[PDB]
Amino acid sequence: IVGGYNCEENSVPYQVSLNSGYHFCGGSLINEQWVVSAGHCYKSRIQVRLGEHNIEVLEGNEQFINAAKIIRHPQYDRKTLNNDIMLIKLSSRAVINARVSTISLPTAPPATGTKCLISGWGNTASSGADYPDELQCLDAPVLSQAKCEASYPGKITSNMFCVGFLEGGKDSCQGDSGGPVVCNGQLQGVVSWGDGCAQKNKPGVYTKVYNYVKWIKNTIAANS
């Protein structure tokens, strides 16, 4: 997150990190046993960690749980990042408390102008490496499909949307992929891709979770 701020204490209890030794992506806890992330964060073996704030220093509420099942959306397109969404079944049930809890799926698609919270341990600098210890947060609004298509001519499908600022300055960045865009108590987006970070007229692009609401429930039901 470029241009963000340190997430307050337990303001993001649904945030998880995917790890192969260390964190390579974020994710969102949507069921006591299921995490949604980006399909391009796919790996064969993933350890999910819950309850982290400072990703370097244990604060006591962390849960380390290895993925039991990693199911990337069947129609995921590597080149276009279309259907960039993936479900991870946890090998055991997360323990829900004030530090670890779930986020609701969306009942309606993202509404232009709506304020959302994006979070992650990604790079916080537009150029150069500058990775944060503490979970970063960013309030950004949903942009119109028009502004989104315009910014990325011929790249934007109906399974994507744009949240950010056309002036740049604030944005998601390398390391934030898979993480949550939560608007009005609902997971509307998964951090998907962008053209650089926080560049002018290059807002980040996010998977429209709303299009996958049935696929998620069906997939969870079939794998329970």
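Heads up: residue numbers just count along the shown sequence, starting at 1.
If you average the C-alpha B-factors over 60-68 and over 162-170, the higher value belongs to 162-170. A summary of the deposited B-factors shows that, of 151-159 and 184-192, the stretch with the larger mean C-alpha value is 151-159. Among 119, 102, 144, 123, the highest C-alpha B-factor in the deposited entry belongs to 144. Looking only at 129, 94, 85, 135, the residue with the top Cα B factor in the deposited structure is 129. When all modelled residues of the chain are sorted by CA temperature factor, residue 203 is found within the middle third.
Residue 40: CA B factor lies in the middle third for its chain, per the PDB record.
Residue 19: CA B factor in the lowest third of modelled residues in this chain (values from the PDB entry). In the PDB entry, a CA B factor belonging to the lowest third of its chain's modelled residues is recorded for residue 48. Looking at the C-alpha B-factors along this chain, the one for residue 197 belongs to the highest third.
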